[PDB]
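Below is one structure; the comments refer to it alone.
Lettering follows sequence order; numbering is per chain, from 1. When reading the values below, keep in mind they use all heavy atoms of this one structure, side chains included, and skip hydrogens, waters and symmetry mates.
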Amino acid sequence: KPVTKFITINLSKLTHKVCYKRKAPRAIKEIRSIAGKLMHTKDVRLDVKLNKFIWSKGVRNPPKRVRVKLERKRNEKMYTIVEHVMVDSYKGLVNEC
Amino acid sequence: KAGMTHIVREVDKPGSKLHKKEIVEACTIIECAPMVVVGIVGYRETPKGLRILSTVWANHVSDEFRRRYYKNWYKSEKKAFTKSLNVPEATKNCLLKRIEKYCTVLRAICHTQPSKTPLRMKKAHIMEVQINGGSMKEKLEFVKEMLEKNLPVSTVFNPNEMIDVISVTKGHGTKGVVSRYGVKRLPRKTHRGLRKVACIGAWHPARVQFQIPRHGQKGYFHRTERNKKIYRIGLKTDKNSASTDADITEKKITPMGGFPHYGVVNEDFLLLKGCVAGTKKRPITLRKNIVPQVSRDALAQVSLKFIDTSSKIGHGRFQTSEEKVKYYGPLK
Amino acid sequence: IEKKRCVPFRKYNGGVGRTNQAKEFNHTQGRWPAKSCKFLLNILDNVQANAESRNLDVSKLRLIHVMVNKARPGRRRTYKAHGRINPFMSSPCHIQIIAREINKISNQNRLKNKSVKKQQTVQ
RNA sequence: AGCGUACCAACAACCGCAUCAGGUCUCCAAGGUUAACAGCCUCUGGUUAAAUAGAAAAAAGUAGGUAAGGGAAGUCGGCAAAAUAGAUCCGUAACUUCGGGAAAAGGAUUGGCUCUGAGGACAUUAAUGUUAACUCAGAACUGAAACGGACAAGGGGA
RNA sequence: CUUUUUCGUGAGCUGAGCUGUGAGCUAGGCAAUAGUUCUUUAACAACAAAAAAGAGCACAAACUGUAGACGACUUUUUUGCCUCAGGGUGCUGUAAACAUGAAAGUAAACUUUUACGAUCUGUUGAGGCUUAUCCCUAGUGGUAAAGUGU
Ligand SMILES: [Mg+2]
Ligand SMILES: [Mg+2]
Ligand SMILES: [Mg+2]
Ligand SMILES: [Mg+2]
Ligand SMILES: [Mg+2]
Ligand SMILES: [Mg+2]
Ligand SMILES: [Mg+2]
Ligand SMILES: [Mg+2]
Ligand SMILES: [Mg+2]
Ligand SMILES: [Mg+2]
Ligand SMILES: [Mg+2]
Ligand SMILES: [Mg+2]
Ligand SMILES: [Mg+2]
Ligand SMILES: [Mg+2]
Ligand SMILES: [Mg+2]
Ligand SMILES: [Mg+2]
Ligand SMILES: [Mg+2]
Ligand SMILES: [Mg+2]
């Protein structure tokens, strides 16, 4: 049924192997896969502001960590929405429901 | 296998350039949690080779011993070794009398305890250990006393003993002739590349012979190495198991920050001089010499002056974690 | 189509790679051709639709005839070095399917006398 | 009066057997750095397209980058690659058809910041007042001793 | 097949003797026939239908990386594992901001006040980073789908 979750993802762990011209698209693809795998959905939509935030430093170095909000909605009867959460410190954050 | 470190030792070779000097040497550390003895097997000699009479099991076995018989234990009914432990002891004693009368070689089945290590694996490793010594009856008596107990490693070996090592080397995949066999490298002008052998053979043996080096798999080979000497047998009941007469600092063997890629060592261990094949976590087998040696190095006994326990991540600078906080004073 | 099970390639298999999913069939080589599967599914839906008009129950149909034939190829070109031109053909085919319901001395008096005597001699 | 007037001009409209990395005549030409219409970055205008895409990442190849100590011992042969290079100030041999050789060979300097000095035009009278452009020469201070910091750019001699 | 019948050996009885089995002694009555031979259908081992009875695993998935071109191999699936975080051990070299703090010098009001200044100092062994193949923690959230062969 519908649920919300708040998680943090560190991308440097996931873009460690690809070359310069592939570093940001790889991060986008990994975010989509992770959300789909966590919510048991195949249809995962990515908000445009999050895509904007991932590309804000060019193709060569995306941010090291990102905080996102996952929401599973009732609509292939279900799907997931991924949004971006702006924080000024990642130091205490764990994942919740 | 856990990792490596170095020590300081004094020399006692009259006539050498180093006769009264402290010197540094490299050593390897092997974690040696005790084993468990669970079975007996007897062989007899035939013109077709050694042959088995029967196998005799103990009254109880553990779950990590039983996991070794399953591909996927989590989804099973776990019915291995459940009906054959209720056997009357009269049949077992009849079988043991037959083994005593007709056999010539005994071996003991023993298994390890991976739960006492930092390993992710839970299946135990099983092996046979041959027992040399007196007569057949004495051998059988010696074995039966242990059918459900632990072997400490200190029972099997002694300080300053010489030992043989058996393991599997590190794997690298497919490697070229230059790296696999160490052939010469070929001049920079060559048209199809330079990392190969020029001539495969003469014209007319009209085939390629098996002695020619070719590309293929390198690493993950089986090896047996001789003459590795024991420097210390440490225990887990001892708090200062890495201190010496000349250094009374209370210490355990594990370096600051953990053994890199392994974890912490909190069982009893061996300290071996030199190097051993395999990666970290690779299981190492330890055999006695084929015949005992009487040379000047096989009998000499070693006294240690210092064991290093500084960090192996980066470049270590302190021997214990209290020195680090004592050096800097209070921080922010 | 979704790559959960594969097709074992036993005949036209030169250079086909080895796969995990071929142990199901006692083989080593398999692949996942999706276009073939779509084309075959179209004909299977046709067969089922035709079997529902005439009053047959779909639960009992067995594929008793599957035949594949090759058809007249098409023609294109490709350009090679030193001003040459070589063919770039195609390879079409025909298919046909059938499904069907499944449930679940000589007297010779001389020889008679010999038989009688043989039978008596064995008692 | 009569005839031409659409469109391409290569990036797929032309020739090369093709929607081929080839060939094919003329005019217009911004900002910063700079000797410079060079190289590198940008505004107006144009595009984000190429007979394919995803994953994995070992041998071997092709186009590159580094390497302790030695410095051509390699090879027919220094082949290939390194080393040099802008500008200012000094200093330059044999020989010579007296014009050269010559950038011969060689040596020193170069950032940033705060200042000092030199070079014109005009109007009330030597005295007062207004008013510019760009170069050149010195001094103090400053920094992990670095400064033609990227680009661009001779190896020399008998 | 009847008659008088002795010696040995076991399903049950207890090296009493009955049964069952074998070998004999004594006197009897009662068979075989298919026109001259056509392999003398004769062995061993199976199978099927009817008649009395003994009644779990592996592959695939997700995880691992001691493995690796692909297959293959090493592991885990609820005291485990994955993810984040807190600690540890290391790498670099002192963050942003504020300061009637310093600074070769400058210029401009009426002792002092104001303005411009490369760079330096204090808060500051600070700030940033650290497994993707580093170490510890039943710390936080999760741990899905249920197919194939036998
Ligand atoms: Mg050549
Ligand atoms: Mg190290
Ligand atoms: Mg071609
Ligand atoms: Mg041509
Ligand atoms: Mg026109
Ligand atoms: Mg023509
Ligand atoms: Mg072409
Ligand atoms: Mg063209
Ligand atoms: Mg390469
Ligand atoms: Mg370098
Ligand atoms: Mg070198
Ligand atoms: Mg030479
Ligand atoms: Mg030579
Ligand atoms: Mg020559
Ligand atoms: Mg050259
Ligand atoms: Mg000259
Ligand atoms: Mg600051
Ligand atoms: Mg991990």
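When the P atom of E/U78 is taken as reference, atom CG of B/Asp63 falls 13 Å away, rounded to whole Å. As rounded to whole Å, 21 Å separates atom P of E/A58 from atom CZ of C/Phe25. E/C129 atom P lies 14 Å from atom CG of A/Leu11, rounded to whole Å. Between the CZ atom of A/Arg65 and the P atom of E/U83 there is a distance of 13 Å, given to the nearest Å. If you measure from atom CD1 of B/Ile313 to atom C1' of E/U131, you get 10 Å, rounded to the nearest angstrom. To the nearest angstrom, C1' of E/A62 lies 13 Å from CG of A/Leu38. Atom CZ in B/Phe259 sits about 13 Å away from atom P in E/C136, given to the nearest Å.
Looking at which nucleotide of RNA chain D each of A/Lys29 and B/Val178 is closest to, the 5′-most match is held by A/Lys29. Residue-to-nucleotide proximity on RNA chain D shows that, of B/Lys189 and C/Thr78, the 5′-proximal contact is made by C/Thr78.
At least one side-chain heavy atom of B/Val36 sits less than 4.5 Å from a side-chain heavy atom of B/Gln113.
For D/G107, the sign convention on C1'-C2'-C3'-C4' gives a north pucker, since the angle is positive.
Of the possible polar contacts, one joining the C/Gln29 side chain to the C/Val16 backbone as a donor-acceptor pair under 3.5 Å is found.
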